*Asks:* 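Handing you a structure now.
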Amino acid sequence: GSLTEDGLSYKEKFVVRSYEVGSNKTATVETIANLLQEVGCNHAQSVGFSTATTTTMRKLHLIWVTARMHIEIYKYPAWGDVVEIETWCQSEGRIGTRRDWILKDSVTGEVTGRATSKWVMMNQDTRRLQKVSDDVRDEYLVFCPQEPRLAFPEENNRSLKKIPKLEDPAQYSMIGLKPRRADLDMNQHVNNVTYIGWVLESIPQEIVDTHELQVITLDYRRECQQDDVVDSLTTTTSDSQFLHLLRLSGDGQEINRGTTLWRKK
Amino acid sequence: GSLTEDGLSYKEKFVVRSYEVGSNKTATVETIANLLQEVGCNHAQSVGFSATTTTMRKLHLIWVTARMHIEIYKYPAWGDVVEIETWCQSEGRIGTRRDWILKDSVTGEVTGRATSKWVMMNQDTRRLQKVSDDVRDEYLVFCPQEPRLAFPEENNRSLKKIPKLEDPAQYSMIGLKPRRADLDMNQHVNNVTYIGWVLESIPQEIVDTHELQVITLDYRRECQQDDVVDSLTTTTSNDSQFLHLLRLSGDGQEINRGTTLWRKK
Ligand SMILES: CS(=O)(=O)NCCc1ccc(F)cc1
Ligand SMILES: CS(=O)(=O)NCCc1ccc(F)cc1
């Protein structure tokens, strides 16, 4: 992978692997999410960030955390195919940062998917949200386009929709979900792609066998610890739409909420 | 990736990804196992296979893993290039063996090696059978005729008989269930999931202070999508040895058994 001519965005080509595909021999939505994560890490590596916290973020125990992740896929890359992903960042004033992705077929050059994520500042010890100071902004703005560049431009689009809380009783459920060591990242925290998988575990197998995931919007409220147990809840709201909710199996503490949209194969 | 000059082996280079590493910022033993699987699939793709030969498809026969043995000296770091070479060999009428050599792409030194024993089996009834002559001729033209062993040594650990773990186990991880990410393209549980499940009963203190040097896994039964697994471990031993056993949470039906060897960091 490499930064573009202007150094204000990064591109990388990936060859879809055998174990990265589902029953239809195309990459899963979790393989795609992992690829988005990898190109994002490589973009921060290429612009100076060590093994993406700035200088002011290190002195003050501050980290970027995901608050929302929205993905729209038109075509899932087949096993053995090359997918090209372009990623960039933009300041959202004092609220935080946004990271966008464009997925293209390396052969045809056509856009096959797009994603957007909203990140907020947070103390890594107390977990208190806070806001992007002023000294922090100057350190990362030199790597962002100043003019807006939105993967989801549309006025009144799916990525900025308010998601309600799933009302009990849920239509479907997957209980007793626990992260293993493969679900953890290098910092021993549950990887954000695991939550996508957990949300999709309560979708019935018949829906998965006859439909394809077109859109998925996930809101992150709290982190699931290594020793926490999760319940995954789904209710049809409708193409098929679903409302989702992940909560701790014990006290019922909310960790995630979202929506999915599926299309007949 | 590409076949060697003689067309009797295949090589492929991989760049270790961000989400593929553990707490030490080096690839996990499951990332390595997935890479071995990917280069094996690409080797079969490059030599004509659309795993199954013309006679195997006529008879509804498939290759299944009976044993997997991996020995790692160095785990590739995040961002590093690992080069893996793989080949196959006929084991008379017992079945086939697939071997792997892992090298550092910069230094050229061997950093790991693996060996697997595959047996012939009816896809439908699940009954094992010897390799017939007509099947042998179809795949022999892609194997070296002279032996080429990744583990040559006279009394080596890859051919050791593994005993059954006696109850009560020293350690345990109960209620393990595969999710959709744990399934392959044919909706069967991927063999790397069993490695992860075996390692779930190893205490976190052992994982934090030691590195996995050797792992030998014997496959007795396939775990279904709706099956629940219990993972059992007992210390058998500067170095630490463990005896492992995976069994169905209900009836206690054996699905896997193995051993691991760890070294102080
Ligand atoms: C939360 S993030 O969007 O992943 N990173 C914000 C800081 C950054 C800004 C521009 C970069 F080229 C790399 C990192
Ligand atoms: C993957 S295997 O079950 O270990 N071997 C099957 C036969 C084969 C032999 C040589 C090849 F180049 C590819 C496949």
Side-chain angles (χ1 to χ4, degrees), chain A residues 15-28 76-81 205 208-210 265, chain B residues 1-4 6-10 12 33-34 36-68 86-100 114-145 178 180 182-194 219-225 255:
Chain A
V15 175
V16 176
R17 300 177 181 169
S18 58
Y19 64 95
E20 291 184 330
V21 314
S23 67
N24 41 42
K25 285 163 192 190
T26 63
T28 51
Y76 282 98
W79 158 40
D81 288 2
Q205 195 63 47
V208 180
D209 289 355
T210 53
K265 293 176 178 176
Chain B
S2 187
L3 292 159
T4 53
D6 60 11
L8 298 172
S9 81
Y10 190 89
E12 193 170 355
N34 270 330
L36 300 178
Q37 180 170 254
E38 170 69 1
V39 65
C41 288
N42 289 339
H43 177 210
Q45 225 173 259
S46 69
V47 296
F49 299 95
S50 213
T52 68
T53 76
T54 311
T55 303
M56 288 171 70
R57 242 172 290 114
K58 184 201 177 298
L59 301 173
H60 270 49
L61 291 173
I62 54 163
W63 288 112
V64 295
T65 298
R67 183 181 267 190
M68 172 72 61
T86 190
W87 67 92
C88 304
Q89 216 136 54
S90 194
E91 302 229 306
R93 299 180 76 100
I94 305 180
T96 37
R97 186 187 83 253
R98 181 177 278 277
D99 288 12
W100 296 264
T115 191
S116 67
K117 294 222 194 298
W118 300 72
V119 295
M120 188 89 63
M121 183 185 89
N122 189 279
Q123 228 171 350
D124 308 307
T125 69
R126 260 62 225 271
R127 305 186 60 78
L128 306 175
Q129 58 201 58
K130 297 198 155 47
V131 179
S132 77
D133 278 15
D134 289 332
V135 172
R136 198 156 75 187
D137 305 355
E138 285 153 37
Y139 72 79
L140 253 177
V141 298
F142 318 123
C143 304
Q145 314 284 264
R180 287 194 195 104
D182 296 309
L183 307 176
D184 62 7
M185 63 185 79
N186 310 133
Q187 296 188 277
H188 290 280
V189 173
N190 194 272
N191 314 274
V192 178
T193 310
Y194 299 101
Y219 298 79
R220 194 177 205 87
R221 241 154 232 274
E222 136 121 36
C223 167
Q224 253 85 276
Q225 209 181 130
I255 62 148

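Just so we're on the same page: letters track the sequence lines, and every chain starts at 1. What's counted below: heavy atoms across the whole structure, side chains too, no hydrogens, waters or symmetry copies.
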*Asks:* Quick check: closest heavy atoms across B:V189 and B:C223, and the distance to 0.1 Å?
*Replies:* CG2-O, 3.4 Å
*Asks:* With side-chain contact (heavy atoms from CB on, under 4.5 Å) as the criterion, how do B:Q145 and B:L140 come out once you've worked through the C-alpha distance, each side chain's angles and the decisive distance to 0.1 Å?
*Replies:* CA-CA 8 Å; B:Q145 314 284 264; B:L140 253 177; 3.4 Å; yes
*Asks:* Is any side-chain heavy atom of A:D209 less than 4.5 Å from a side-chain heavy atom of B:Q187?
*Replies:*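 Yes; the side chains approach each other to less than 4.5 Å.
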*Asks:* For the atom pair CG (B:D134) and NZ (B:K58), what is the distance rounded to the nearest 0.5 Å?
*Replies:* 10.0 Å
*Asks:* With a 4.5 Å cut-off on side-chain heavy atoms, are B:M120 and B:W63 touching?
*Replies:*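 A side-chain contact under 4.5 Å exists here.
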*Asks:* Side chains of B:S116 and B:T65: any donor to acceptor distance under 3.5 Å?
*Replies:* no
*Asks:* Please name the pair of heavy atoms, one in B:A33 and one in B:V192, separated by the smallest distance, quoted to 0.1 Å.
*Replies:* CB-CG2, 3.7 Å
*Asks:* Check whether more than 12 heavy atoms from other residues, nucleotides or ligands sit under 6.0 Å from atom CZ of B:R221, and answer yes or no.
*Replies:* no
*Asks:* Work out which heavy atom in B:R93 is nearest to a heavy atom in B:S132; give both atom names and the distance.
*Replies:* NH2-CA, 3.8 Å
*Asks:* Nearest 0.5 Å, please: how far is CG in B:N34 from CG in B:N190?
*Replies:* 6.0 Å
*Asks:* What closest approach, in Å, do B:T96 and B:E91 show between heavy atoms, and which atom pair accounts for it?
*Replies:*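 Result for this residue pair: C-CG, 4.1 Å.
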*Asks:* Should B:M56 and B:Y139 count as side-chain neighbours, where that means a heavy-atom distance under 4.5 Å?
*Replies:*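 No; the side chains remain at least 4.5 Å from each other.
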*Asks:* Hey, what do you get for NZ (B:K130) to CD1 (B:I94), rounding to the nearest 0.5 Å?
*Replies:* 7.5 Å
*Asks:* Is a donor on one side and an acceptor on the other found under 3.5 Å between the side chain of B:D184 and the backbone of B:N186?
*Replies:* yes
*Asks:* Testing the 3.5 Å rule here: is there a donor-acceptor pair between the side chains of B:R98 and B:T86?
*Replies:* yes
*Asks:* Atom CG of B:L59 and atom OG1 of B:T54: how far apart are they, to the nearest 0.5 Å?
*Replies:* 11.0 Å
*Asks:* Would you say that B:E222 contacts B:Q224 through its side chain, given a criterion of any heavy-atom pair below 4.5 Å between the two side chains?
*Replies:*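 Of all side-chain heavy-atom pairs linking B:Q224 with B:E222, at least one is under 4.5 Å.
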*Asks:* We want to know whether B:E38 and B:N42 form a side-chain donor-acceptor pair, criterion being a heavy-atom distance below 3.5 angstrom.
*Replies:* yes
*Asks:* Of the non-hydrogen atoms in A:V16 and A:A78, which two are nearest, and what is the gap between them?
*Replies:*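 So the minimum-distance heavy-atom pair works out to CB-O, 3.4 Å.
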*Asks:* Find out whether A:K265 and A:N24 are in side-chain contact, i.e. whether some heavy atom of one side chain is under 4.5 Å from a heavy atom of the other.
*Replies:* yes
*Asks:* Shortest non-hydrogen contact from B:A114 to B:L36?
*Replies:* CB-CD1, 3.7 Å
*Asks:* Any side-chain heavy atom of B:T52 sitting closer than 4.5 Å to one from B:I62?
*Replies:* yes
*Asks:* Given side chains that start at C-beta, do those of B:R180 and A:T28 come closer than 4.5 Å, heavy atoms only?
*Replies:* no
*Asks:* As a quick check of understanding, evaluate side-chain contact (heavy atoms from CB on, under 4.5 Å) for B:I255 and B:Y194, giving each step before the final call.
*Replies:* CA-CA 9 Å; B:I255 62 148; B:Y194 299 101; 3.7 Å; yes
*Asks:* Could you give the distance from CZ (B:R127) to CE (B:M121), rounded to the nearest 0.5 Å?
*Replies:* 11.5 Å
*Asks:* So do B:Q225 and A:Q205 actually touch side chain to side chain, heavy atoms under 4.5 Å?
*Replies:* yes
*Asks:* Please check if the side chain of B:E138 supplies one atom and the backbone of B:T55 the other of a donor-acceptor pair under 3.5 Å.
*Replies:* yes
*Asks:* Using the side-chain contact (heavy atoms from CB on, under 4.5 Å) rule, take B:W87 and B:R97 through it: C-alpha gap first, then chi angles, then the decisive distance, then the call.
*Replies:* CA-CA 9 Å; B:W87 67 92; B:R97 186 187 83 253; 4.2 Å; yes
*Asks:* What's the spacing between B:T4 OG1 and B:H43 NE2 if we round to 0.5 Å?
*Replies:* 7.5 Å
*Asks:* If you apply the rule side-chain contact (heavy atoms from CB on, under 4.5 Å), what do you find for B:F142 with B:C88, and how did you get there?
*Replies:* CA-CA 8 Å; B:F142 318 123; B:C88 304; over 6 Å; no
